[PDB]
$ cat run.cif   # mmCIF, C-alpha atoms and all ligand atoms
data_coords
#
loop_
_atom_site.label_atom_id
_atom_site.label_comp_id
_atom_site.auth_asym_id
_atom_site.auth_seq_id
_atom_site.Cartn_x
_atom_site.Cartn_y
_atom_site.Cartn_z
CA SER A 160 0.00 0.00 0.00
CA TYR A 161 2.14 2.85 -1.31
CA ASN A 162 0.90 6.44 -1.38
CA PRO A 163 2.33 9.51 -3.17
CA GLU A 164 1.37 11.59 -0.11
CA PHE A 165 3.62 9.88 2.45
CA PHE A 166 6.72 10.27 0.29
CA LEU A 167 6.70 14.07 -0.05
CA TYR A 168 7.17 14.41 3.72
CA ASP A 169 10.31 12.25 3.70
CA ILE A 170 11.84 14.91 1.44
CA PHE A 171 11.07 17.59 4.03
CA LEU A 172 12.13 15.28 6.86
CA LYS A 173 15.81 15.07 5.91
CA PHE A 174 15.99 18.87 5.70
CA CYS A 175 14.40 19.48 9.10
CA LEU A 176 16.42 16.87 10.98
CA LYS A 177 19.57 18.55 9.64
CA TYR A 178 18.84 22.25 10.18
CA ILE A 179 15.57 23.07 11.96
CA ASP A 180 15.22 23.07 15.75
CA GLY A 181 13.39 20.09 17.21
CA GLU A 182 10.53 21.99 18.83
CA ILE A 183 10.08 24.03 15.65
CA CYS A 184 9.82 20.73 13.78
CA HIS A 185 7.20 19.63 16.31
CA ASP A 186 5.17 22.82 15.89
CA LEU A 187 5.15 22.50 12.10
CA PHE A 188 4.05 18.86 12.23
CA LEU A 189 1.27 19.69 14.69
CA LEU A 190 0.31 22.74 12.62
CA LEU A 191 0.05 20.75 9.39
CA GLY A 192 -2.05 18.08 11.09
CA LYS A 193 -4.29 20.76 12.58
CA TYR A 194 -5.43 21.62 9.05
CA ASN A 195 -5.95 17.98 8.00
CA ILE A 196 -3.39 18.05 5.19
CA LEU A 197 -1.28 15.11 6.38
CA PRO A 198 -1.42 11.79 4.52
CA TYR A 199 -3.95 9.08 5.30
CA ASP A 200 -3.70 5.31 5.78
CA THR A 201 -7.26 4.07 5.22
CA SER A 202 -6.26 0.45 4.58
CA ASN A 203 -7.73 -2.39 6.61
CA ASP A 204 -5.31 -3.55 9.30
CA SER A 205 -4.11 -7.11 9.78
CA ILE A 206 -6.38 -9.14 12.04
CA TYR A 207 -3.26 -10.87 13.37
CA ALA A 208 -2.06 -7.53 14.79
CA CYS A 209 -5.27 -6.59 16.62
CA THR A 210 -4.67 -6.44 20.37
CA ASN A 211 -6.56 -5.71 23.57
CA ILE A 212 -5.92 -4.78 27.20
CA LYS A 213 -8.91 -6.21 29.11
CA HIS A 214 -12.01 -4.70 27.43
CA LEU A 215 -9.94 -2.09 25.55
CA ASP A 216 -9.82 -3.33 21.95
CA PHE A 217 -7.10 -1.82 19.74
CA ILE A 218 -7.34 -2.25 15.98
CA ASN A 219 -3.54 -2.42 15.68
CA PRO A 220 -0.73 -2.41 18.26
CA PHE A 221 0.84 0.98 17.49
CA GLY A 222 -0.13 4.37 18.89
CA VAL A 223 1.61 7.71 19.55
CA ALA A 224 3.22 8.16 22.95
CA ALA A 225 2.46 10.98 25.36
CA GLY A 226 4.15 14.33 24.89
CA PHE A 227 3.44 14.50 21.14
CA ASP A 228 -0.02 16.12 20.97
CA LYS A 229 0.03 17.39 24.54
CA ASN A 230 -3.07 19.54 23.95
CA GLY A 231 -5.27 17.44 21.67
CA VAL A 232 -5.12 19.91 18.78
CA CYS A 233 -3.93 17.28 16.28
CA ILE A 234 -5.80 14.09 17.17
CA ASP A 235 -7.70 13.42 13.94
CA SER A 236 -4.76 13.82 11.56
CA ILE A 237 -2.23 11.91 13.66
CA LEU A 238 -4.57 8.95 14.11
CA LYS A 239 -5.39 8.97 10.39
CA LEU A 240 -1.69 8.49 9.61
CA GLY A 241 -2.31 4.85 10.54
CA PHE A 242 -2.17 4.68 14.33
CA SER A 243 -4.73 2.82 16.42
CA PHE A 244 -4.57 5.16 19.43
CA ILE A 245 -2.94 8.30 20.81
CA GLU A 246 -1.97 9.31 24.35
CA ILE A 247 -2.52 13.05 24.72
CA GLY A 248 -0.80 14.97 27.50
CA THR A 249 0.79 14.93 29.82
CA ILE A 250 -1.72 17.52 31.05
CA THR A 251 -1.92 19.52 34.27
CA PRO A 252 -4.98 21.27 35.74
CA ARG A 253 -3.58 24.67 34.66
CA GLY A 254 -1.48 25.10 31.53
CA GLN A 255 2.24 25.69 32.04
CA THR A 256 4.90 27.28 29.86
CA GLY A 257 7.54 24.68 30.75
CA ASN A 258 11.27 25.15 31.01
CA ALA A 259 13.11 27.67 28.87
CA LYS A 260 13.78 27.03 25.20
CA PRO A 261 15.75 25.51 23.57
CA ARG A 262 14.63 22.39 25.45
CA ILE A 263 14.73 19.68 22.75
CA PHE A 264 17.91 18.42 21.07
CA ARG A 265 18.49 15.76 18.43
CA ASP A 266 21.45 13.46 17.75
CA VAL A 267 20.69 12.22 14.23
CA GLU A 268 23.68 9.87 14.18
CA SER A 269 22.49 7.96 17.26
CA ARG A 270 18.77 8.47 16.50
CA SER A 271 18.37 9.93 19.99
CA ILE A 272 16.56 12.88 21.54
CA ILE A 273 17.01 14.65 24.88
CA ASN A 274 14.29 16.96 26.18
CA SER A 275 13.68 19.15 29.23
CA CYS A 276 10.20 20.43 28.38
CA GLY A 277 8.66 20.49 31.85
CA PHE A 278 4.99 19.76 31.14
CA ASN A 279 4.20 22.56 28.71
CA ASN A 280 0.46 22.36 28.01
CA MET A 281 -2.68 24.46 27.70
CA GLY A 282 -4.28 23.08 30.87
CA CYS A 283 -7.01 20.55 31.59
CA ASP A 284 -9.91 22.91 30.83
CA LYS A 285 -8.82 23.98 27.35
CA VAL A 286 -7.58 20.52 26.37
CA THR A 287 -10.92 19.12 27.51
CA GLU A 288 -12.71 21.56 25.20
CA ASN A 289 -10.49 20.37 22.34
CA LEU A 290 -11.18 16.71 23.14
CA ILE A 291 -14.93 17.36 23.20
CA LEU A 292 -14.66 18.92 19.74
CA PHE A 293 -12.78 15.82 18.60
CA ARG A 294 -15.35 13.37 19.98
CA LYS A 295 -18.01 15.34 18.10
CA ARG A 296 -15.98 15.06 14.89
CA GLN A 297 -15.34 11.37 15.58
CA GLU A 298 -19.10 10.78 15.59
CA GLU A 299 -19.24 12.06 11.99
CA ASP A 300 -16.01 10.65 10.49
CA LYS A 301 -15.52 6.99 9.59
CA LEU A 302 -11.71 7.17 9.60
CA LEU A 303 -11.91 7.87 13.36
CA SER A 304 -14.38 5.15 14.33
CA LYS A 305 -13.12 2.71 16.99
CA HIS A 306 -9.88 4.67 17.45
CA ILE A 307 -8.69 5.13 21.02
CA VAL A 308 -7.59 8.28 22.84
CA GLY A 309 -5.84 8.02 26.20
CA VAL A 310 -5.00 10.97 28.43
CA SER A 311 -1.72 11.22 30.35
CA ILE A 312 -2.12 13.28 33.52
CA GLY A 313 0.36 14.96 35.84
CA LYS A 314 0.81 17.83 38.30
CA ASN A 315 1.47 21.52 37.90
CA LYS A 316 5.00 22.54 38.80
CA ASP A 317 4.17 24.40 42.02
CA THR A 318 1.14 22.34 43.06
CA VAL A 319 2.21 20.16 46.00
CA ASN A 320 0.11 17.11 46.91
CA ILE A 321 -0.13 15.64 43.41
CA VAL A 322 -3.35 13.80 44.32
CA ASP A 323 -5.38 17.03 44.13
CA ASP A 324 -4.30 17.86 40.57
CA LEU A 325 -5.14 14.33 39.41
CA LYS A 326 -8.64 14.46 40.89
CA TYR A 327 -9.32 17.74 39.09
CA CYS A 328 -8.28 16.26 35.74
CA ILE A 329 -10.36 13.13 36.35
CA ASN A 330 -13.44 15.20 37.18
CA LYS A 331 -13.16 17.44 34.09
CA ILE A 332 -11.90 15.16 31.29
CA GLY A 333 -12.55 11.66 32.62
CA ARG A 334 -15.84 11.22 30.76
CA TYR A 335 -14.11 11.67 27.39
CA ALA A 336 -11.01 9.48 27.86
CA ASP A 337 -10.72 5.80 26.95
CA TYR A 338 -7.91 5.25 29.47
CA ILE A 339 -5.99 7.36 31.99
CA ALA A 340 -2.19 7.22 32.25
CA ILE A 341 -0.69 8.36 35.56
CA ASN A 342 2.69 9.98 34.87
CA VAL A 343 4.88 9.64 37.96
CA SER A 344 8.03 9.28 35.86
CA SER A 345 8.77 12.63 34.16
CA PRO A 346 12.34 13.77 34.97
CA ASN A 347 11.65 17.45 34.21
CA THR A 348 9.43 18.16 37.25
CA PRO A 349 11.66 17.88 40.34
CA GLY A 350 10.79 15.08 42.74
CA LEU A 351 7.96 13.57 40.69
CA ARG A 352 9.84 10.25 40.56
CA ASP A 353 10.09 10.41 44.35
CA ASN A 354 6.30 9.83 44.31
CA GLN A 355 6.83 6.30 42.94
CA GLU A 356 7.34 5.14 46.53
CA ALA A 357 5.09 2.15 47.19
CA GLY A 358 2.98 3.99 49.76
CA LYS A 359 2.63 7.21 47.77
CA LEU A 360 2.00 5.36 44.50
CA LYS A 361 -0.67 3.26 46.24
CA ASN A 362 -2.67 6.27 47.44
CA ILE A 363 -2.29 7.93 44.03
CA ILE A 364 -3.58 4.89 42.14
CA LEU A 365 -6.43 4.18 44.55
CA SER A 366 -7.55 7.82 44.49
CA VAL A 367 -7.66 7.87 40.69
CA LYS A 368 -9.67 4.65 40.45
CA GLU A 369 -12.00 5.92 43.16
CA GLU A 370 -12.47 9.31 41.49
CA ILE A 371 -13.20 7.66 38.14
CA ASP A 372 -15.72 5.35 39.82
CA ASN A 373 -17.41 8.32 41.55
CA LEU A 374 -18.27 10.15 38.31
CA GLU A 375 -20.67 7.29 37.54
CA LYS A 376 -22.58 7.37 40.84
CA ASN A 377 -24.51 10.66 40.59
CA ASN A 378 -25.47 10.28 36.92
CA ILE A 379 -28.97 10.90 35.61
CA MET A 380 -28.83 8.92 32.35
CA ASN A 381 -27.48 5.62 31.04
CA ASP A 382 -23.80 4.83 30.65
CA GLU A 383 -24.05 5.13 26.86
CA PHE A 414 -24.46 8.91 27.23
CA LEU A 415 -22.19 9.59 30.22
CA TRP A 416 -18.99 8.15 28.72
CA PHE A 417 -18.54 10.16 25.51
CA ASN A 418 -15.52 8.15 24.42
CA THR A 419 -14.80 5.15 22.20
CA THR A 420 -15.58 2.39 24.71
CA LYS A 421 -18.74 4.00 26.13
CA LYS A 422 -17.37 2.70 29.45
CA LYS A 423 -15.34 4.11 32.31
CA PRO A 424 -11.67 4.68 31.43
CA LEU A 425 -9.04 2.16 32.42
CA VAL A 426 -6.19 3.32 34.66
CA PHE A 427 -2.56 2.88 33.60
CA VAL A 428 0.65 3.99 35.30
CA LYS A 429 3.75 5.15 33.42
CA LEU A 430 6.97 4.19 35.19
CA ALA A 431 10.58 5.41 34.97
CA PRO A 432 13.45 2.97 34.29
CA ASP A 433 15.93 4.48 36.79
CA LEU A 434 14.94 2.47 39.85
CA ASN A 435 16.65 -0.24 41.87
CA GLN A 436 15.38 -3.80 42.25
CA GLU A 437 13.91 -3.29 45.73
CA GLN A 438 11.83 -0.35 44.51
CA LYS A 439 10.87 -2.20 41.33
CA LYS A 440 9.45 -5.23 43.13
CA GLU A 441 7.40 -3.41 45.78
CA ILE A 442 5.81 -0.99 43.30
CA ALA A 443 4.85 -4.08 41.30
CA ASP A 444 3.31 -5.45 44.50
CA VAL A 445 1.36 -2.21 44.87
CA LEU A 446 0.01 -2.54 41.33
CA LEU A 447 -1.27 -6.03 42.14
CA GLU A 448 -2.93 -4.95 45.40
CA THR A 449 -4.54 -1.90 43.78
CA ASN A 450 -5.58 -3.79 40.61
CA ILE A 451 -4.13 -1.26 38.18
CA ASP A 452 -5.36 -1.79 34.63
CA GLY A 453 -1.97 -1.48 32.93
CA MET A 454 1.63 -0.34 33.07
CA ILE A 455 3.37 1.90 30.53
CA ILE A 456 7.07 1.01 30.33
CA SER A 457 8.64 3.41 30.06
CA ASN A 458 9.33 7.15 30.30
CA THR A 459 12.62 8.84 29.40
CA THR A 460 15.86 8.10 31.24
CA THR A 461 18.52 10.30 32.84
CA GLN A 462 21.28 7.67 33.19
CA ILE A 463 22.64 7.73 29.61
CA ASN A 464 26.00 9.49 29.32
CA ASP A 465 27.33 8.29 25.94
CA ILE A 466 25.87 10.93 23.60
CA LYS A 467 28.63 13.45 22.92
CA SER A 468 26.21 16.14 21.70
CA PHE A 469 24.09 15.83 24.87
CA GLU A 470 26.92 16.17 27.42
CA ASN A 471 26.13 19.74 28.52
CA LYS A 472 22.37 19.27 27.96
CA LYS A 473 19.89 18.72 30.78
CA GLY A 474 16.81 16.52 30.58
CA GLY A 475 15.81 12.96 29.80
CA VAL A 476 16.90 11.12 26.66
CA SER A 477 14.60 9.21 24.31
CA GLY A 478 15.05 7.17 21.16
CA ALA A 479 17.19 4.29 19.95
CA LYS A 480 19.65 4.47 22.85
CA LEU A 481 16.65 3.77 25.13
CA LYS A 482 15.49 0.68 23.20
CA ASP A 483 17.33 -2.17 24.91
CA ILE A 484 17.10 -0.66 28.39
CA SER A 485 13.30 -0.43 28.42
CA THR A 486 12.72 -3.93 27.04
CA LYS A 487 14.61 -5.48 29.96
CA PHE A 488 12.47 -3.42 32.35
CA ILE A 489 9.40 -4.97 30.72
CA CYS A 490 10.79 -8.46 31.32
CA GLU A 491 11.69 -7.49 34.89
CA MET A 492 8.16 -6.18 35.50
CA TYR A 493 6.26 -8.80 33.48
CA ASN A 494 7.78 -11.24 35.99
CA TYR A 495 7.39 -9.05 39.09
CA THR A 496 3.61 -8.76 38.50
CA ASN A 497 3.16 -12.46 37.59
CA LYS A 498 1.88 -11.47 34.13
CA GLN A 499 -1.40 -10.34 35.73
CA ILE A 500 -1.06 -6.64 34.82
CA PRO A 501 -0.75 -5.93 31.07
CA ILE A 502 2.26 -3.98 29.78
CA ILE A 503 2.29 -1.06 27.34
CA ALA A 504 5.67 -0.69 25.65
CA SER A 505 7.33 2.66 24.98
CA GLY A 506 11.01 3.28 24.32
CA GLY A 507 13.28 3.10 21.30
CA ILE A 508 10.75 1.38 19.03
CA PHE A 509 11.92 2.10 15.47
CA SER A 510 11.35 -1.08 13.41
CA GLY A 511 8.84 -3.89 13.16
CA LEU A 512 11.32 -6.27 14.76
CA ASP A 513 11.72 -3.84 17.67
CA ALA A 514 7.97 -4.11 18.26
CA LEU A 515 8.08 -7.91 18.31
CA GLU A 516 11.04 -7.81 20.71
CA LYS A 517 8.87 -5.71 23.03
CA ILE A 518 5.81 -7.93 22.56
CA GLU A 519 7.58 -11.27 23.00
CA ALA A 520 9.09 -9.78 26.18
CA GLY A 521 5.60 -9.29 27.63
CA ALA A 522 4.12 -6.14 26.11
CA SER A 523 0.64 -6.06 24.59
CA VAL A 524 0.89 -2.72 22.73
CA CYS A 525 3.56 -0.29 21.54
CA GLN A 526 3.93 3.49 21.48
CA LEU A 527 6.09 5.38 18.99
CA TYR A 528 7.64 8.79 19.64
CA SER A 529 11.24 9.16 18.45
CA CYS A 530 10.33 7.05 15.41
CA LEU A 531 7.93 9.75 14.24
CA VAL A 532 10.72 12.26 14.85
CA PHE A 533 13.27 10.46 12.67
CA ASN A 534 10.99 8.58 10.23
CA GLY A 535 8.01 10.92 9.97
CA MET A 536 4.77 10.22 8.14
CA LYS A 537 5.72 6.66 7.12
CA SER A 538 6.12 5.47 10.72
CA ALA A 539 2.80 3.65 11.11
CA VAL A 540 2.46 2.18 7.61
CA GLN A 541 6.09 1.03 7.64
CA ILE A 542 6.08 -0.40 11.16
CA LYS A 543 2.76 -2.21 10.71
CA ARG A 544 3.91 -3.89 7.49
CA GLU A 545 7.23 -4.98 8.99
CA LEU A 546 5.57 -6.53 12.04
CA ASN A 547 2.98 -8.33 9.90
CA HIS A 548 5.66 -10.08 7.83
CA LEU A 549 7.65 -11.03 10.93
CA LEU A 550 4.66 -12.46 12.82
CA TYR A 551 4.05 -15.31 10.38
CA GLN A 552 7.75 -16.00 9.77
CA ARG A 553 8.26 -16.55 13.51
CA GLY A 554 5.24 -18.87 13.51
CA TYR A 555 2.19 -17.27 15.09
CA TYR A 556 -1.56 -17.39 14.49
CA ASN A 557 -2.05 -13.87 15.89
CA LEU A 558 -0.18 -11.28 17.93
CA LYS A 559 -1.42 -12.51 21.32
CA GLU A 560 0.30 -15.88 20.83
CA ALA A 561 3.61 -13.97 20.96
CA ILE A 562 3.16 -12.12 24.27
CA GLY A 563 5.83 -13.30 26.69
CA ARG A 564 6.86 -16.19 24.45
CA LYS A 565 10.57 -15.41 24.97
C1 LIG B 601 10.05 16.11 23.65
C2 LIG B 601 9.46 14.99 24.46
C3 LIG B 601 8.35 15.26 25.25
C4 LIG B 601 7.78 14.25 26.02
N1 LIG B 601 6.69 14.54 26.80
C5 LIG B 601 6.10 13.55 27.56
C6 LIG B 601 4.99 13.85 28.34
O1 LIG B 601 4.53 14.99 28.35
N2 LIG B 601 4.41 12.86 29.10
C7 LIG B 601 4.93 11.58 29.09
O2 LIG B 601 4.41 10.69 29.77
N3 LIG B 601 6.03 11.29 28.31
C8 LIG B 601 6.62 12.27 27.54
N4 LIG B 601 7.72 11.97 26.77
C9 LIG B 601 8.27 10.58 26.77
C10 LIG B 601 7.71 9.82 25.57
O3 LIG B 601 6.30 9.81 25.64
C11 LIG B 601 8.22 8.39 25.50
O4 LIG B 601 7.86 7.71 26.68
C12 LIG B 601 9.74 8.34 25.34
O5 LIG B 601 10.17 9.42 24.53
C13 LIG B 601 10.19 7.04 24.69
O6 LIG B 601 9.72 7.01 23.36
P1 LIG B 601 10.72 6.69 22.15
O7 LIG B 601 11.91 5.91 22.66
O8 LIG B 601 10.01 5.90 21.08
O9 LIG B 601 11.20 8.01 21.59
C14 LIG B 601 8.31 12.97 26.00
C15 LIG B 601 9.41 12.70 25.21
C16 LIG B 601 10.00 13.70 24.44
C17 LIG B 601 11.19 13.36 23.60
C1 LIG B 602 7.30 15.24 14.90
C2 LIG B 602 8.65 15.83 15.37
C3 LIG B 602 8.78 16.29 16.80
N1 LIG B 602 10.02 16.85 17.28
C4 LIG B 602 10.13 17.28 18.68
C5 LIG B 602 9.27 17.20 19.94
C6 LIG B 602 10.47 16.27 19.78
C7 LIG B 602 11.17 16.98 16.37
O1 LIG B 602 12.18 17.44 16.76
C8 LIG B 602 11.04 16.51 14.88
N2 LIG B 602 11.93 16.52 13.84
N3 LIG B 602 11.29 15.98 12.73
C9 LIG B 602 11.90 15.81 11.41
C10 LIG B 602 10.04 15.65 13.04
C11 LIG B 602 9.01 15.01 12.07
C12 LIG B 602 8.62 15.98 10.93
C13 LIG B 602 8.37 15.47 9.66
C14 LIG B 602 8.01 16.32 8.62
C15 LIG B 602 7.89 17.69 8.86
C16 LIG B 602 7.50 18.63 7.71
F1 LIG B 602 7.45 17.92 6.54
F2 LIG B 602 6.26 19.14 7.99
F3 LIG B 602 8.41 19.64 7.61
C17 LIG B 602 8.14 18.21 10.13
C18 LIG B 602 8.50 17.35 11.17
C19 LIG B 602 9.84 15.97 14.41
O1 LIG B 603 7.35 12.23 31.05
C1 LIG B 603 7.98 13.11 30.50
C2 LIG B 603 7.64 14.51 30.50
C3 LIG B 603 8.43 15.39 29.85
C4 LIG B 603 8.16 16.90 29.79
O2 LIG B 603 7.05 17.25 29.37
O3 LIG B 603 9.12 17.60 30.17
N1 LIG B 603 9.54 14.98 29.20
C5 LIG B 603 9.96 13.68 29.13
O4 LIG B 603 10.96 13.33 28.54
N2 LIG B 603 9.14 12.81 29.80
#
$ encode --input "run.cif" --output "structure tokens" --more "lines below"
Ligand SMILES: Cc1cc2nc3c(=O)[nH]c(=O)nc-3n(C[C@H](O)[C@H](O)[C@H](O)COP(=O)(O)O)c2cc1C
Ligand SMILES: Cc1cn(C2CC2)c(=O)c2nn(C)c(Cc3ccc(C(F)(F)F)cc3)c12
Ligand SMILES: O=c1cc(C(O)O)[nH]c(=O)[nH]1
Amino acid sequence: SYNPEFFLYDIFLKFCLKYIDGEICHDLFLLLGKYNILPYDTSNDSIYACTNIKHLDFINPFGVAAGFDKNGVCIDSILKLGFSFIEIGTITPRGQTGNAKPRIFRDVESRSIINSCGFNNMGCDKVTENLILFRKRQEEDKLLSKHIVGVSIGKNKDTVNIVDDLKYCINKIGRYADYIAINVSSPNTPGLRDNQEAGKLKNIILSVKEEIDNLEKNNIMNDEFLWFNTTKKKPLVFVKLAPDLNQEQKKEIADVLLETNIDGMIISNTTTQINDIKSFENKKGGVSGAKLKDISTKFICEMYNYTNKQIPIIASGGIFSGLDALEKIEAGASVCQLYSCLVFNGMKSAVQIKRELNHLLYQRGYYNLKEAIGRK
């Protein structure tokens, strides 16, 4: 399934990656998608690649990670590139400016990115208005039917007691989200990763699940009209975890996820422990991309064992090829998120990655994608 539209953007891609600033590249991409002039991938997806996380049914196992469309101003176009879902955010109750620019740097040779954004977003209220507009468009557009939209949530920079910010987001945007991702792993908000302590993380998770469950109580109508999302059901609850933890921490947090019955785990966020990128020596922030590939996959194996395979995994980190996706899936992941791939490969990310994984699934001997989960 070629397309003359995907190719023209590869021409622009080589230019931008070589001269234009990363965040400027991001703004242009988002701006083009805002006006619905990005290519489409309206082909039927392989039934062998369909996946699910409990009652969440994904048409294919590739979405866009958080931090890409932080404000939900580009949902329709990005999804129509060929992705099955998108994770908007991370959002905070009040929009922030973030750290000072430049805050995004690219090492083309190593296919790596380092960023110190600091949760720059428009705020929960405005992003909610955008998401409502999208759900209205989704009702009238076939290319958006059955596509998923998750919302990554966090805290404002100054707001102490992160629980309060989360409850506000839940109570304003919860009705329109298919799943909620708790971000306690961003390295650009000081001390957020200190909240991954078993006790703290327990109260955070339990408060989110309770707040989601409480929106349903005082409702006047049926559930079909309350949940204006894809599932027509209350959003699942996922947690996004950082890879820079020791084994003791890793096992107890996994124990907390079992006790609290979390719906999923997103492995993983960016890392701060990489020191082998010469261009990023004097740069602050977390690094993403290829140099994060092998590190995150291990973490998935370490966690897929710590939770006794009872909590599904969502893979994110250094996924650039179809074989990378299968490496993540056979390690224990059910779905994959692409971020740096879109940065370095552009519009062809979804169509390319989905084809490559399809060919590899049958060669390795599988009836469908599920058969591969944790087979390693
Ligand atoms: C510029 C930039 C901004 C990001 N913003 C967020 C964010 O707001 N929330 C979040 O959970 N992750 C954020 N991330 C992390 C990505 O979502 C993803 O977990 C990570 O980059 C690994 O993806 P990759 O290896 O395929 O590039 C951001 C990453 C980058 C590079
Ligand atoms: C999507 C994306 C994001 N970001 C930062 C947040 C991390 C980058 O730095 C990027 N660099 N490229 C090259 C992209 C992707 C891209 C492709 C095509 C164009 C266009 F053809 F329109 F010119 C523009 C941009 C980036
Ligand atoms: O989770 C996150 C958040 C940010 C940010 O918005 O600053 N950046 C990342 O690399 N990861």
$ closest_residue --input "run.cif" --among "A:192, A:521, A:333, A:511" --to "residue 538 in chain A" --atoms "all atoms listed in the file"
A:511
$ residues_near_ligand --input "run.cif" --ligand "ligand LIG 601 (chain B)" --cutoff "6 Å" --atoms "only C-alpha atoms and all ligand atoms" --output "ChimeraX atom specification"
/A:224-226,248-249,263,272,274,278,342,457-459,477-478,481,505-508,527-530
$ closest_residue --input "run.cif" --among "A:366, A:547, A:304, A:160" --to "residue 419 in chain A" --atoms "only C-alpha atoms"
A:304
$ closest_residue --input "run.cif" --among "A:531, A:245, A:451, A:540" --to "ligand LIG 602 (chain B)" --atoms "only C-alpha atoms and all ligand atoms"
A:531
$ residues_near_ligand --input "run.cif" --ligand "ligand LIG 602 (chain B)" --cutoff "9 Å" --atoms "all atoms listed in the file" --output "number ranges by chain"
A: 167-177, 179-192, 197, 226-227, 263-265, 272-274, 528-536
$ closest_residue --input "run.cif" --among "A:445, A:208, A:247, A:515" --to "ligand LIG 603 (chain B)" --atoms "only C-alpha atoms and all ligand atoms"
A:247
$ residues_around --input "run.cif" --residues "range 298-301 of chain A" --least-positions-apart "6" --cutoff "10 Å" --atoms "only C-alpha atoms" --output "PyMOL selection string"
chain A and resi 201+235+417-419
$ closest_residue --input "run.cif" --among "A:438, A:348, A:275, A:362" --to "residue 476 in chain A" --atoms "all atoms listed in the file"
A:275
$ residues_around --input "run.cif" --residues "residue 524 in chain A" --least-positions-apart "2" --cutoff "8 Å" --atoms "only C-alpha atoms" --output "PyMOL selection string"
chain A and resi 210+220-221+502-504+518+522+526
$ axis_aligned_box --input "run.cif" --around "ligand LIG 603 (chain B)" --padding-each-side "4 Å" --output "AutoDock Vina command-line options"
--center_x 9.0 --center_y 14.9 --center_z 29.8 --size_x 11.9 --size_y 13.4 --size_z 10.5
$ closest_residue --input "run.cif" --among "A:548, A:517, A:537, A:270" --to "residue 562 in chain A" --atoms "all atoms listed in the file"
A:517
$ atom_distance --input "run.cif" --atom1 "CA of residue 441 in chain A" --atom2 "CA of residue 427 in chain A"
16.9 Å
$ atom_distance --input "run.cif" --atom1 "CA of residue 324 in chain A" --atom2 "CA of residue 357 in chain A"
19.5 Å
$ closest_atom_pairs --input "run.cif" --of "range 435-546 of chain A" --to "range 368-373 of chain A" --cutoff "10 Å" --atoms "only C-alpha atoms" --output "tab-separated table"
residue	atom	partner	partner_atom	distance
A:449	CA	A:368	CA	9.0
A:450	CA	A:368	CA	9.4
A:451	CA	A:368	CA	8.4
A:452	CA	A:368	CA	9.7
$ residues_around --input "run.cif" --residues "residue 349 in chain A" --least-positions-apart "5" --cutoff "12 Å" --atoms "all atoms listed in the file" --output "number ranges by chain"
A: 258, 275, 277-278, 314-319, 343-344, 354, 474
$ atom_distance --input "run.cif" --atom1 "CA of residue 239 in chain A" --atom2 "CA of residue 295 in chain A"
16.1 Å
$ residues_around --input "run.cif" --residues "residue 425 in chain A" --least-positions-apart "6" --cutoff "12 Å" --atoms "all atoms listed in the file" --output "ChimeraX atom specification"
/A:212-216,307-311,329,333-341,364,367-369,371-372,418,450-454,501
$ residues_around --input "run.cif" --residues "residue 242 in chain A" --least-positions-apart "6" --cutoff "9 Å" --atoms "all atoms listed in the file" --output "list in words"
residues 200, 218, 219, 220, 221, 222, 223, 306, 539 and 540 of chain A
$ build_atoms --input "run.cif" --residues "range 343-349 of chain A" --atoms "N, CA, C and O atoms" --output "mmCIF file, in the frame of the given file"
data_model
loop_
_atom_site.group_PDB
_atom_site.id
_atom_site.type_symbol
_atom_site.label_atom_id
_atom_site.label_comp_id
_atom_site.auth_asym_id
_atom_site.auth_seq_id
_atom_site.Cartn_x
_atom_site.Cartn_y
_atom_site.Cartn_z
ATOM 1 N N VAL A 343 4.091 9.397 36.764
ATOM 2 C CA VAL A 343 4.880 9.640 37.960
ATOM 3 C C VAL A 343 6.347 9.385 37.620
ATOM 4 O O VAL A 343 7.134 8.958 38.473
ATOM 5 N N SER A 344 6.719 9.649 36.363
ATOM 6 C CA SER A 344 8.030 9.280 35.860
ATOM 7 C C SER A 344 8.735 10.385 35.075
ATOM 8 O O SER A 344 9.867 10.169 34.627
ATOM 9 N N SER A 345 8.118 11.544 34.900
ATOM 10 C CA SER A 345 8.770 12.630 34.160
ATOM 11 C C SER A 345 9.996 13.105 34.932
ATOM 12 O O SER A 345 9.911 13.343 36.141
ATOM 13 N N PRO A 346 11.150 13.254 34.278
ATOM 14 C CA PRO A 346 12.340 13.770 34.970
ATOM 15 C C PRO A 346 12.453 15.282 35.014
ATOM 16 O O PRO A 346 13.378 15.791 35.658
ATOM 17 N N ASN A 347 11.545 16.006 34.362
ATOM 18 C CA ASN A 347 11.650 17.450 34.210
ATOM 19 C C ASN A 347 10.811 18.219 35.227
ATOM 20 O O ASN A 347 10.827 19.454 35.211
ATOM 21 N N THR A 348 10.084 17.527 36.101
ATOM 22 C CA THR A 348 9.430 18.160 37.250
ATOM 23 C C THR A 348 10.092 17.623 38.509
ATOM 24 O O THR A 348 9.924 16.435 38.830
ATOM 25 N N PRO A 349 10.850 18.433 39.246
ATOM 26 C CA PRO A 349 11.660 17.880 40.340
ATOM 27 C C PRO A 349 10.838 17.067 41.326
ATOM 28 O O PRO A 349 9.748 17.469 41.739
#
